[PDB]
């Protein structure tokens, strides 16, 4: 990454073994559950395109997803080149391939990122990557919100957990449906409570 030092200057630092291992382990354990994306974003704080490519490349398996990610990056890079049609010792303008780190060196990336004003190629590339990861989350979301219905004896709290877990995954890239998909006994209670009830009030009502 690029971070501050004692002199207050932005300097490059090696990606740490802790960071490398944390990303490998979250992918292994969580695959492409929605919560993997904010973890990726947090672990790649201040990342250069090189660092982002390092993290993506350290992933073994999940290569269908990684290929979809390549497609998304290709699309975002093409759009950048469309919108940005591009001297000794002077800073050139970054193309899509430079932002994605295929045609740019680490030193060029540092030059752009620490310039005044800065050209944040690390943040731009992360945006494309996060866009692609969100599509993968949506692709691998197993259940439609329409099929999340409360069981006859399922506690309301457990149903609400399933409901909003499903909604999170499905929307990666409500109040009335929650009530409609509730079981007969809680639906009766929720109808009597009426519209305008908070989730807390609904959960309290069907708790007993």
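Numbering follows the first chain given and starts at 1.
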Decide, for the other PDB entries of this protein that were compared, whether residue 87 is missing from at least a third of their models.
-> yes
Would you please confirm whether residue 172 lacks atomic coordinates in a third or more of the other entries that were compared?
-> yes
Count class of coordinate-free deposited residues lying between the neighbours residue 41 and residue 42 | none
Looking at the entry, does 71 to 79 or 87 to 95 show the higher mean C-alpha B-factor?
-> 87 to 95
Averaging only over Cα atoms, indicate whether 176 to 184 or 60 to 68 has the higher B-factor in the PDB entry.
-> 176 to 184
Pick out which of 141, 150, 171, 54 has the highest C-alpha B-factor in the PDB entry.
-> 171
For 132, 122, 101, 117, the deposited C-alpha B-factor is largest at 117
If you rank every modelled residue in this chain by C-alpha B factor, which third holds residue 30: lowest, middle or highest?
-> highest
Among the modelled residues of its chain, the C-alpha B-factor of residue 9 falls in the third labelled highest
